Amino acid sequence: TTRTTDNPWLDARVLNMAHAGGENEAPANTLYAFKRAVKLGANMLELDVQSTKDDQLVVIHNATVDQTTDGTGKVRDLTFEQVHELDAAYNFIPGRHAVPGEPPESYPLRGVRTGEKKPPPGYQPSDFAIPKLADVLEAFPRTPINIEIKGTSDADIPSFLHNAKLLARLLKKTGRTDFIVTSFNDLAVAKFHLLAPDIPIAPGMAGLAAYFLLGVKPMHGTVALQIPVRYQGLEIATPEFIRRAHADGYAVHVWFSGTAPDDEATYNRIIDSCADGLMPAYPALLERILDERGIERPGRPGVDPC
């Protein structure tokens, strides 16, 4: 007889998924931000992945190291050793992610990695470098993680496929399943789910279009729909669409990234839209919002916003 439908991500709510660790409160995709964010209440991590010349998965958004560090070039051209020498808070400016080209005074944490400012109490210089996924994983053995597969180019599909492959090799050896693996490029999601079938996934952008416009259910294994607030002028994080997705048994995780402000007004509206998780640039601010309205959380029942 058919195995019954069991989606636990409908009871993992409401989630504070620190976006890159919280790119406006901390240096993006560093072990500092991740450690900082979990301590301040975040229930779950959200990061991006690329690969190095010697096929190591390193936690970083852009295909090049230029924006968030003092180096230059694509991460796929550097070895892991070369990537890790870099200061991955070189350009962090609070409230603005990373902006190269300002006076050296703008950057509060520039220098910690390379040993020229003392780190915040309780941290080491390596906590301000581009980490290895393996080093984030073993740093956070009981913390759920949302790994987004990245590429060298929007037009370079094999680079995504290369990374989906390396990801599935390493997440299979962990034995953990408290991950959600997604990508903008749908092939890499399909490639990853074929190599690592037990790992929860979320649709790429074609799989997201085909369900939001046409109603077509996403690929088997899909566990939740990780969507922006707005896209191409159109609103996507509405109560209407979220209710239909809970109707279809999917959890909903909304993100922001310049499709909408990272502020209290927006955070609260999306919380009322009954989404199951927010991916804020300000994990401390979202944690104040959730605490003062007293809103339900995993293992901590409370006010249901919808």
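When you see a residue number, it is the position in the sequence shown, counting from 1.
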property	result
Residue range whose averaged C-alpha B-factor is higher in the record, 246 to 254 or 233 to 241	233 to 241
Of 6 to 14 and 279 to 287, the stretch whose C-alpha atoms average the higher B-factor in the entry	6 to 14
From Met205, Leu195, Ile149, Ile130, residue of greatest CA B-factor	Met205
C-alpha B-factor winner, where the candidates are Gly95, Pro141, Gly111, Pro200	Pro141
Assigned third (lowest, middle, highest) for the C-alpha B factor of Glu292	middle
Lowest, middle or highest third - CA B-factor, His61	lowest
Relative C-alpha B-factor of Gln82, binned into the chain's lowest, middle or highest third	middle
Third of chain Cα B-factors occupied by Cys274	highest
Chain-relative CA temperature factor third for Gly71	middle
